[PDB]
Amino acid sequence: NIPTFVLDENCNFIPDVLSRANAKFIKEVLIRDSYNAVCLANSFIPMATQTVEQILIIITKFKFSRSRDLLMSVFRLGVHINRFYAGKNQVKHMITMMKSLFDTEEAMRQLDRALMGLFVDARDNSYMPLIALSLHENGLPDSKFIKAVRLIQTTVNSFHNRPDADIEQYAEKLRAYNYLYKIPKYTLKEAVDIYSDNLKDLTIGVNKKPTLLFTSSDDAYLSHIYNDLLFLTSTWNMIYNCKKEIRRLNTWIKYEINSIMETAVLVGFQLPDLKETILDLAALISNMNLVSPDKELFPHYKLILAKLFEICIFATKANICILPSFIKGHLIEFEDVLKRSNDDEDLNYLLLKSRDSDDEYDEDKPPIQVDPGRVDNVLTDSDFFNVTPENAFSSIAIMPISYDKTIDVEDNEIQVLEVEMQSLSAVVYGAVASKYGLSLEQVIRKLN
C-alpha cells in the first residue's frame, strides 16, 4: 500500500527533529514492513491523527523484541513530534501560497467578477460571507465548508453542466499526496488535472502559485469557475484541518511525554546505570511543564526525544528484557508481601536467599522464589537487571509510583483505593545485594 515517493533514508524524520544516528537506529531495529509503514506515517502527506495511527505499525526484528515495549512508545512519540514540527512549517507555506492567489486588488476584482457570473441566479448574497470572505486559514471549518459546497452546487442550473464521464474515479488521484483533503464533486478532468498538480505542489512545498482554470483562459467560463471554487473551498478546508490536527498532535505529545517519565523510571529499575540520564530527562520535562500556556514547546520536544533515544539505545545494547508493566506489577507484589509480613521477618529475609539455602532440601520448605511468604524479586534474574560496579551503590532515580485499585461501584461511579508504594528502592538494593553476594545492610551502608 506504500507509495514509492514517501521512501526515505531517514524514515522521513526532519534533521531538526531527530539526529541521523537516531534515524539509523530506527532502521536497525524494525522489520522492513514496519519501517516502510513508519516512513508513510511520518511522511509529508497531510493526514488526520487517527490515520497516522492506523498506518503506524511498529514491529521490531526478533533481536530487539526484548525491548519492544519501550521502543514502541518512544518511536510513536517521535513520529508525533515529527509530524507536529513538519506540519507547522508545511501549513505555513500552504497558507502563503493560497493567500497569494488574491492578495492584489486586481486579482480580487477578477474573483468578484467570476462569483457574479456563477451566482447570477442566486437567491441572496450569501456567497460573499460563505465563500468570498472565507478564503483564508480560519475561513472554512467542516461545518461551514459543507454549506459553502452546497451553495456552489446550486449554481448548476445557471450553466450547462455536462460532467465528464467517470470524473469521480478520475478525481480520486487528488488524495495521492493528501489524506486530509476532502474531494468535492468536480465535473471536468481538465480541472482535476490542474488541482492534482496544485495539491502535490502544496504538500511538497513547491514555490509556485496554484493554477486556476478561470484565470488561465476565457473558455467555458462558468463551468471553470464552478470547479475552481470547489478547489478553493476544499483546499482551504484542508488547510484549516491541518491546523486542527497540529493542535491535536500537540495535545497528545504533552501527555505522552509526561506519562513516559514513569516508564523511564521503571526502566531505570532494570538498568540503574541510566540514573543520570533519567534525572536529566526529568529536568527536561520539568522545564517543558514550566512554560507559559501560550508558548511553542518544540525546543523541549526536540531535547526530550533525543534523551529518550539515549535510553532506548542503552536499553537495547544491554540486551535485557525491558517490560515496565511487568516490573510495576512486581513492585506492587513486593509492597503487598511487605505489608502482610511478620515481625521475625525483615527485608533481608523477604528479598534474599538465605546463605545456606542450597543445603536445604525439605519439600515443606519452599525456596524463596516460590515461597508466598517471601518475595520473588525478578530483578535478581539476569534477564531483567544489570548494573556496572561503578553504579551499583548509587541511589536510584525515583518518582512517586502508585496505582488505583478498583474496589466498588456506586451507581455510575467506580470507587478505587490508591496504593502508594514507598519502599520501592529496596527491590533494586536487593538486586544489587544478590548480584554481589552482600546483605541489604551492606548495600545500604553505601552512604557516600
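Counting begins at 1, following the sequence as shown.
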Per the entry, higher mean C-alpha B factor between 26-34 and 394-402: 394-402
Residue stretch of maximal mean CA temperature factor, 165-173 vs 234-242: 165-173
Most elevated Cα B-factor in the entry, residues 371, 343, 228, 137: 343
Highest recorded Cα temperature factor - choice among 82, 89, 126, 198: 126
For residue 422, the third of its chain into which the C-alpha B factor falls: highest
Where the record places residue 388 (Cα B-factor, split into thirds across the chain): highest
Chain third (lowest, middle, highest) by recorded CA B-factor, residue given as residue 94: lowest
Third of the chain, ranked by Cα B-factor, where residue 193 sits: middle
Residue 160 by Cα B-factor - lowest, middle or highest third of the modelled chain: highest
